[PDB]
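A quick write-up on the structure given underneath.
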Amino acid sequence: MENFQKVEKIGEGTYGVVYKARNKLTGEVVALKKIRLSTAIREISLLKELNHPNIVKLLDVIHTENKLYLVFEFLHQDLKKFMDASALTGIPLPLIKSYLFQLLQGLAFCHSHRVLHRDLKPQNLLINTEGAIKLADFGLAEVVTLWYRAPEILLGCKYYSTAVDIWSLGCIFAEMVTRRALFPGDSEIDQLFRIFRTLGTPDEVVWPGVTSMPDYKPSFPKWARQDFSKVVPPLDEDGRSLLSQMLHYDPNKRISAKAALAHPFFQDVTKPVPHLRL
Ligand SMILES: COC(=O)[C@H](Cc1ccc(O)cc1)NC(=O)c1cc(C(=O)O)c2cc(-c3cccc(Cl)c3)ccc2n1
């Protein structure tokens with residue numbers, strides 16, 4: 001760690017503290033995560057090889073004393089701050105579309121490598137001046165945000181799949197479009213019920229096996245489903261159709277990242293550059 005000079009703290013929570021730092025030798029500016037303390049070290053060192061333009065690079069893993077440091081490629085801004093900055097006008101559709109497309113590319117890559125993110129949220133999606141967007145904080149190692169949690173996770177499924185990331189991304193897509201969180205729950209049951217209130221209480225018809233999930237209770241209220249026209253106005257039918265497929269209750273029916281990339285919504289995708297104030 002002596003090889004790094006901390007510039008300023010930029011994060012704190014899930015694991016440890018995050019600092020913007022300079023590599024005293026390479027001259028590089030990086031994001032340095034210091035986690036307070046065998047399989048882990050091995051697995052993590054592995055994922056280090058995983059390289060894709062839409063995944064934040066893990067540059068170094070440094071273990072010393074009862075401390076573990078992860079060194080990442082540095083990006084100045086995240087999507088949550090950009091969404092907040094764009095709140096008055098909203099992010100232009102062509103940029104929402106580019107970001108969604110890129111995130112699906114990153115996920116398709118992770119997923120083809122049997123890697124699940126598990127906790128996608130705007131705070132952990134980093135953007136740059138070139139119009140790129142990247143997946144960060146995979147939880148490789162505060163109030164927990166539940167807004168983007170897939171229903172199978174909330175219902176106690178222990179062996180959930182890559183479909184959980186597609187659900188999270190659908191929630192983020194909707195939020196970019198409407199400028200409002202889709203399902204802002206403040207507890208696990210409130211998150212669950214907010215989902216049910218919008219998409220309808222799931223049953224065996226639309227989600228075979230749902231009534232047998234660990235945390236499923238027959239006593240859940242039975243709400244009827246709303247229509248997406250009310251959910252994400254004024255997103256076009258191509259966008260709504262794709263969102264509906266990313267928000268299917270049944271994980272096995274939920275669209276994959278690879279198939280989503282082929283959806284008609286992306287026929288006219290481009291790569292616009294955002295206006296960022298760093
Ligand atoms: C907004 O704040 C953040 O996003 C913070 C700080 C930050 C802030 C700015 C930055 O530029 C970087 C980090 N991010 C993190 O703490 C953080 C944590 C992990 C992790 O799982 O431990 C992680 C893993 C990969 C990775 C890489 C390759 C393969 C795989 Cl499976 C995973 C890539 C980025 C990651 N970032």
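Going by the deposited numbering, the letters in the sequence shown line up with residues 1 to 37, 46 to 149, 162 to 298, in that order.
For each residue, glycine too, the CB sits at the ideal point set by N, CA and C.
So does residue i have its beta carbon nearer than 7 Å to some heavy atom of ligand 3?
| i | result |
| --- | --- |
| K33 | Absent from the structure shown: ligand 3. Ligands present: ligand 1. |
When the Cα of residue i is compared with those of the options, which residue comes out closest?
| i | options | result |
| --- | --- | --- |
| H295 | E2, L103, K9 | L103 |
| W243 | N62, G220, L25, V69 | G220 |
| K33 | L25, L54, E81 | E81 |
| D223 | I10, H268, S120, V29 | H268 |
| residue 38 | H283, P254, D247, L134 | Absent from the coordinates is residue 38, which sits in the stretch where the chain moves from 37 straight to 46. |
| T97 | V79, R200, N74, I192 | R200 |
| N3 | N62, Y77, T231, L54 | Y77 |
| residue 308 | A21, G11, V17, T14 | The structure shown does not extend to residue 308, since the chain spans only 1 to 298, so no value can be given for it. |
| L115 | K88, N136, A31, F146 | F146 |
| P292 | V69, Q113, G139, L54 | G139 |
| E28 | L281, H60, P238, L67 | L67 |
| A194 | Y168, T137, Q287 | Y168 |
| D247 | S264, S232, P284 | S264 |
| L83 | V64, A93, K278 | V64 |
| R214 | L101, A170, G229, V230 | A170 |
| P61 | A183, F117, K250 | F117 |
| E8 | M1, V18, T14 | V18 |
| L148 | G205, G16, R245 | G16 |
| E73 | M1, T165, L174, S232 | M1 |
| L189 | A282, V226, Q110 | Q110 |
| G205 | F216, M196, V197, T198 | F216 |
| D288 | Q85, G13, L108 | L108 |
| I192 | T290, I99, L25 | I99 |
| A183 | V197, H125, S207, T165 | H125 |
| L298 | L202, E51, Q85, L58 | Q85 |
| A144 | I70, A282, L58 | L58 |
| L112 | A277, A282, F286 | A277 |
Using DSSP bridges, identify the partner residues of residue i.
| i | result |
| --- | --- |
| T72 | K75 |
| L143 | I63, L133 |
| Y19 | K9, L32 |
| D86 | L134 |
| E81 | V30 |
| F4 | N23 |
By a C-beta neighbour count over all protein chains shown, 10 Å radius and 16 as the cutoff for buried, is residue i buried or exposed?
| i | result |
| --- | --- |
| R36 | exposed |
| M266 | buried |
| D235 | exposed |
| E172 | buried |
| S106 | buried |
| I209 | exposed |
| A280 | buried |
| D185 | buried |
| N132 | buried |
| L262 | buried |
| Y179 | exposed |
| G259 | buried |
| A31 | buried |
| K273 | exposed |
| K129 | buried |
| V252 | buried |
| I275 | buried |
| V197 | buried |
| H121 | exposed |
| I141 | buried |
| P271 | buried |
| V164 | exposed |
In chain order, each beta strand (DSSP E) run of at least 3 residues that lies wholly inside the region 172-227: Counting only unbroken stretches of 3 or more residues, no beta strand (DSSP E) element lies wholly within the region 172-227.
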